[PDB]
Amino acid sequence: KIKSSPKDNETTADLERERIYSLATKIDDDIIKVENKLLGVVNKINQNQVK
Amino acid sequence: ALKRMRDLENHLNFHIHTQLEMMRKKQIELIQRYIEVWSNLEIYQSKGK
Amino acid sequence: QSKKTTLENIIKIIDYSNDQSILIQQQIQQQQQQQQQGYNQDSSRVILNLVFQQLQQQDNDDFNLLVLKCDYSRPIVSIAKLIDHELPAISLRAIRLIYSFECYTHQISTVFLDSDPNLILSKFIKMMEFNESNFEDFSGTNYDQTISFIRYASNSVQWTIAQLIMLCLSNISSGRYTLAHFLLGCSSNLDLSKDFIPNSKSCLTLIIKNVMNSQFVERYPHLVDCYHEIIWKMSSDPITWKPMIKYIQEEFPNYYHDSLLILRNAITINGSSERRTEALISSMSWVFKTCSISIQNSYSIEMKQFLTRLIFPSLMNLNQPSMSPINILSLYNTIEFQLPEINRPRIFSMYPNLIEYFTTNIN
């Protein structure tokens, strides 16, 4: 229902709105990399104690 | 009885956990897309304003 | 819809190639129809190539080193149902897919218990049974790649199953049940402290009965060296040694005589190649060390007769008919302690800066 709307008449508010709500999507993508990478440190600290 | 309990404990520890992590991961894939579709919803519903 | 059905349609052709192998092992009782099978068989072979080319980016240090910087049961079981496929080039694909899948998981043991372990284990057994009539010699120089690829695809099956059992014995942290323990028939309580089931068919019952076949030793010496390393490892792990050596003494009491007899005869055959002699002498070490744990911990009346009538045969016994030999000294000179005088490779004189690039340490 979103990806069937026309791209007509876009304004300064809409261009910066498209830039900032896609920045919010990028924040969760870049958080999940850090959650995975920091788990990819914890699991190795745990392996190193248990060796 | 001792066998049948180890059989059921393997099903819990290996197969059910393999289903649990496949659902945990698939929840993240759905939560990222819930943010994709709601960012696109707020752009769409606020357009021209 | 059409953007999940891609892998879904590939899995349906793996399932349908099992529907078809079951229908063809039935319908060979009637089919003059082989010409219509080939497009489905080669489609199945290409699918098993393509899944292997999705694993052969993860069977890679660069990918695992990238991961260090950042329900598989139905797929695995519908591949395992093809282990005894009517084309060895499909069977060997299913077995080498299962090899890579165990490398990522160490859990194909439970995936086979959680399914039908009988219908899976019997397909490994059906591929490990020795057919003596599948034989004509590789002594001919005229190595046709067509006929040779079929004979390679055949004889690679038992070698790949032996190496799958070997991997899942090298990768033991102590007390872990593995796909090796599953294929060898160790107790499905996951219980490595319990004895083997007598008169059963597992890969272990076939390994020992193939080892004591002299034609199997003469035809497949590297597979017999490998089989003896399985027997040695199961006899030298601090848990399974008792079940294993007990099972040797209860179902195979001759084993340390008949295996030394067959290996010593197979070494004595002049005109053999250095690479047959390699594996038979390697295999002979494993028999000595497996016998050494049996003498140390499980000394029996068969071991007392074996030492006193064969290995250390005391002279007075030779004159009693009321029932070159394998004695301690005839065993020693079977190993030929003239070691080869290893000449330094001429390539090290062409590239002295690359010696440690051109070698690999076996560890």
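Virtual Cβ from ideal backbone geometry, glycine too; neighbours counted across all protein chains shown. Values quoted throughout were computed directly from the atomic coordinates according to the rules given, and no laboratory measurement underlies them.
Some notes on this structure:
- Entries of A:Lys1/B:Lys25; A:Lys33/C:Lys81; A:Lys1/A:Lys33; A:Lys33/B:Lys3; A:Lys1/C:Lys4 with Cα pairs more than 32 Å apart: A:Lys33/C:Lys81; A:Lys33/B:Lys3
- Using distinct alpha-carbon pairs, which all enter the 1/r mean, Kirkwood radius of region C:103-243 in Å: 16.3 Å
- Histogrammed with a bin width of 20 Å, the alpha carbon distances of chain C distribute as 23, 52, 23, 2, 0 percent, first bin at zero.
- Here the average projected area of the convex hull drawn through the C-alpha atoms of the protein assembly as shown stands at 37.0 nm².
- Global form of chain B, assessed from the alpha-carbon gyration tensor, a/c cut-off 1.5: prolate
- Ranked from largest, the principal axis spans of the Cα set of region C:1-153 equal 53, 41, 32 Å.
- Taking Cα centre as origin and charging only the Cβ of basic (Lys, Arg, +1) and acidic (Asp, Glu, -1) residues, the dipole magnitude of the protein assembly as shown rounds to 780 debye.
- Volume in Å³ per residue [convex hull over Cα atoms, computed for region C:277-344]: 129 Å³
- Quotient of C-alpha Rg and 2.2 N^0.38 Å, computed over region C:67-124: 1.21
- Rounded tilt (10° steps) of A:12-50 against the dominant C-alpha axis of chain A: 10 degrees
- Diffusion coefficient of region C:172-226 by Stokes-Einstein, Kirkwood radius over Cα pairs, 20 °C, 1.002 mPa s: 170 µm²/s.
- All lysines inside 21 Å of A:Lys7 as judged from Cα atoms, apart from same-chain residues fewer than 8 positions distant: B:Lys47, B:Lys49
- Listed residue (B:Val37, C:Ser133, C:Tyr39) projecting farthest to the positive dipole end of the protein assembly as shown, Cβ model: B:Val37
- Multiplying each eigenvalue of the alpha-carbon gyration tensor of region C:95-161 by 5 and taking the square root yields semi-axes of 31, 15, 8 Å, largest first, rounded to whole angstroms.
- Each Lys and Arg contributes +1 and each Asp and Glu -1, all at the Cβ; summed about the Cα centre of chain A, the dipole is approximately 420 debye.
- Only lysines eight or more places from C:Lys289 in sequence, or on another chain, were considered; those with a Cα closer than 24 Å are C:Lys194, C:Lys209, C:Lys233, C:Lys242, C:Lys246, C:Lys304.
- Binned Cα-Cα distances of region C:250-294, short to long, each 10 Å bin given as a whole percent: 26, 51, 20, 3
- Cα-derived Rg to Rh of region C:160-261, Kirkwood definition: 0.94
- Kirkwood Rh in Å, taken over region C:21-99 so that all alpha-carbon pairs contribute: 14.6 Å
- For chain B, the Cβ-based charge dipole about the Cα centre amounts to some 60 debye (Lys, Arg positive; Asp, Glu negative; other atoms uncharged).
- Toward the positive end of the charge dipole of region C:136-262, with +1 on the Cβ of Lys and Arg and -1 on the Cβ of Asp and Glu, the farthest Cα among C:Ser187, C:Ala162, C:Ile150 is that of C:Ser187.
- Normalised per residue, the volume of the convex hull around the Cα set of chain A (Å³): 80 Å³
- Sequence-distant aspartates and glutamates (8 or more away, or on other chains) whose Cα lies within less than 17 Å of A:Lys44: A:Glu35
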